[PDB]
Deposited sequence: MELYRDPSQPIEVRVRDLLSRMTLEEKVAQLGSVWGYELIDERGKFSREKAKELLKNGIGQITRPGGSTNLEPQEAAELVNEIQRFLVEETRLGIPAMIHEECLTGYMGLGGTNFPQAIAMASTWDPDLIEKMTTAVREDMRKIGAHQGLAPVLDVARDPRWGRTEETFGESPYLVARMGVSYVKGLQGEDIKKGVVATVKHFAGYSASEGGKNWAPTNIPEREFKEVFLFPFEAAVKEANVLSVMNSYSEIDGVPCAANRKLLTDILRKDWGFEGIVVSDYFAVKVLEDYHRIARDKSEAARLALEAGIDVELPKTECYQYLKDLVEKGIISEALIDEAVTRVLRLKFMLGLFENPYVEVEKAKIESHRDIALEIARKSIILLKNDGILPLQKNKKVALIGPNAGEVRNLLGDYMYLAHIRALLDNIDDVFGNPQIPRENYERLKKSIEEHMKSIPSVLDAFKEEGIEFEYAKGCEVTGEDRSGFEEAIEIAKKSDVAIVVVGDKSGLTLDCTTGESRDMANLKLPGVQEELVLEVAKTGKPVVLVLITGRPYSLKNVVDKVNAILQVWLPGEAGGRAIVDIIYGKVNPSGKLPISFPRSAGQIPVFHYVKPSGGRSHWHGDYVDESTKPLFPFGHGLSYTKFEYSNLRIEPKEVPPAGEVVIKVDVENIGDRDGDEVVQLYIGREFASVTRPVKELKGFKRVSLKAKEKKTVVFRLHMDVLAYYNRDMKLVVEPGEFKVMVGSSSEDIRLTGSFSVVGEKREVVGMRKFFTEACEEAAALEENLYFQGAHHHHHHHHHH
């Protein structure tokens, strides 16, 4: 028994033994991939004939054996078992494949639950719930033989033009990092042999493209890059031990991320100690030639990507096959191949693949997680505005109007399988209309208009039913996806941030009837609401929700659920205001010296952290101890919060920290902690934040990470603008350079109030 086959030997010994036995061809095959669909016949069964060509020298990964084949879970598991058997039994060394799938919003294939989008996950401000979600995704994926999920997205989004906004956790490095670490922890085990490799993406800066345009340059200076864009990735690497990273398609200031050794190696591996695999975004290696025009041919693209630190070329081997020729012609050293192969093999051994690469098909049926999806949807919906009309009385006659009220497709996000037997599977998802029926509401429905186009012919019918109702509920927003008819999603960037089509005019026409209007936004991004805000009575933001969307919206409208979502991204008044974010410097978020633009406020229409409730929360009794702390000390901040209203509800208590008179300019306020707290009517609790000085560190003039003596402002409240209590503490002592491992997060919890 060769050492590499022996499970009693340490992983490093198995790796070295395997590597020593491999040919150059075999090594290079471990750095590539093949699509699931390329390995099946027309009946969706594994094809040995195709495998003999594509897998004869082994393979790094199979791309989306469920997601790209439209197979049901048991049939996907059977395909995966057969691929694995061919590798284990019909190749010289018997190295098994790693399988990856998309899974941002749940496993992206037939049979998987469609959870609400990432931006909705962030809107819950509930990291534990997100960990529970990915723990369930982990089980789904392992059932079908998948080992790696391409999620989560840790890009920090402050540009709502960008069509991938919906896939992020919003604008706050702190919130994005906190949600990201929980997301990763749920997917990955403690022991990865029993979990799923998480893939943080897109490293790094991809959400800050020129003009919000997909793949356009992301030109970010160093301090901002470290504190805003890299921070969530750093936390995922160091605190959550994430095992995969995927690169950004964009260039930073002249260098494409896929060709950048300073980013993918010097920061990620050298500075941070990342030990897992870097996988390319799909075709990211090839487009070094085709799009960026910095590689003359496929073999130069391969060289740049391998040197940069990309281990596996996805979704199919294209350039990496030429790594063989580059070694044979003495252009690159085989040692650099060996380094990448080591990282791939290490992970395959840790996943348990050499001991057992198969799954039990009989157990491969994926269970529904509608319960988890519905809890996220209920906690994610945000009440942006309410003059008092909500919650509605069940006896009011409703005119239900708009394209998103009637079309189940438009509840789905860009990486939800049914968006991208299709029609048949779609039929299974509850509509908004269905939720109104089951609630027993008396209503009529008029579509009003389409999501896109200029056709106003449906307006008359919508106006007519509004005139005969007590209240109009107007449901507008996006179709999310990858094609030209979609208004949001990857590749669907929106310059002007107006609701698509004539939906805004539809809202205004309905409002002109003088009936009360509840505006329901089912969207992937913030839209400019400047022209409608004062014309409607209430506004609900529903980030593209699960299969669970309809029920949650209706539950909230009628007050069976008290809304508790808070914005994880600022809502701009208009596109020309971009960007707006809560953590501006003293000179940011304003024009000097008149404050405002000529034609526009510099304040967002709704700020970060905003979200209303059907009850009222009263904050009191701020304590901050001790008042003076040394530069690696800890401060304990306590506030009492009481539900003083008549309905039970959750409040998201938010901690902002401000600093002046540092050696560099600092945010007037930035989010540094938060806690979702449940409060029954008249219940009072204490929220405790334990804030280590490590969490407040920032980069100084010399690019060192420091804590400087001085005063920090503490602001606790219900949004970044609705601050309820303020105080301060001092750091006392000599400037400290923060070296090596440090804390990233405030620890937040609840105690009984006095």
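Numbering the deposited sequence from 1, one finds several regions with no C-alpha coordinates, namely 421-447, 782-801.
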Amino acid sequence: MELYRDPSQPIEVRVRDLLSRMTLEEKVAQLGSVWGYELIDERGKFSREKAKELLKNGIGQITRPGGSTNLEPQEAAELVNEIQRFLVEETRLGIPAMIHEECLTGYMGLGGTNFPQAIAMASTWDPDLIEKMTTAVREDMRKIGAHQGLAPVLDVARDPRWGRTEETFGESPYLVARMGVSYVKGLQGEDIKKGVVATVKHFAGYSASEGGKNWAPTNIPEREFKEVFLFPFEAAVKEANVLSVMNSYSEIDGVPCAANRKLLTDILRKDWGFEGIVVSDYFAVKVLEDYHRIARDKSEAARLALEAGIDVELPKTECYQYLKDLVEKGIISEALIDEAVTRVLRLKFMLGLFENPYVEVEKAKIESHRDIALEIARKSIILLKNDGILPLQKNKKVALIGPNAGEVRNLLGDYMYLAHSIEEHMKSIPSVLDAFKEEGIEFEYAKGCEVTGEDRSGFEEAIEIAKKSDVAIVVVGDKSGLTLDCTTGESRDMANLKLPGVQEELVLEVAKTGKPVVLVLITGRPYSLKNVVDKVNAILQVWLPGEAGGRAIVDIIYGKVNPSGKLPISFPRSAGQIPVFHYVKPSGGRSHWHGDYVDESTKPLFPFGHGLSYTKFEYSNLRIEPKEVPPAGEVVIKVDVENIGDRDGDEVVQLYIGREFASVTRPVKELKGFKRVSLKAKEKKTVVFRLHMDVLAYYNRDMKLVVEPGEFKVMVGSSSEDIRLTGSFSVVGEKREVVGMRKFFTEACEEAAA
From here on, numbers count along this sequence of modelled residues.
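Coordinates for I422 are absent from at least a third of the other compared entries of this protein that model residues on both sides of it. Stretches 578-586 and 458-466 differ in mean CA B factor, with 458-466 having the higher one. Looking at mean Cα B-factors across 407-415 and 668-676, the upper value is held by 407-415. Residue set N700, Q61, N57, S720: peak C-alpha B-factor at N57 (per PDB entry).
For the set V451, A120, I252, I277, the PDB entry puts the maximum C-alpha B factor at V451. Among all modelled residues in its chain, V739 ranks in the highest third by Cα B-factor. When the modelled residues of the chain are ordered by their C-alpha B factor, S428 lands in the highest third. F712: CA B factor lies in the middle third for its chain, per the PDB record. In the deposited entry, the Cα temperature factor of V731 sits in the bottom third of values across the chain's modelled residues. When the CA B factors of the chain's modelled residues are split into thirds, the value for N70 lands in the highest one.
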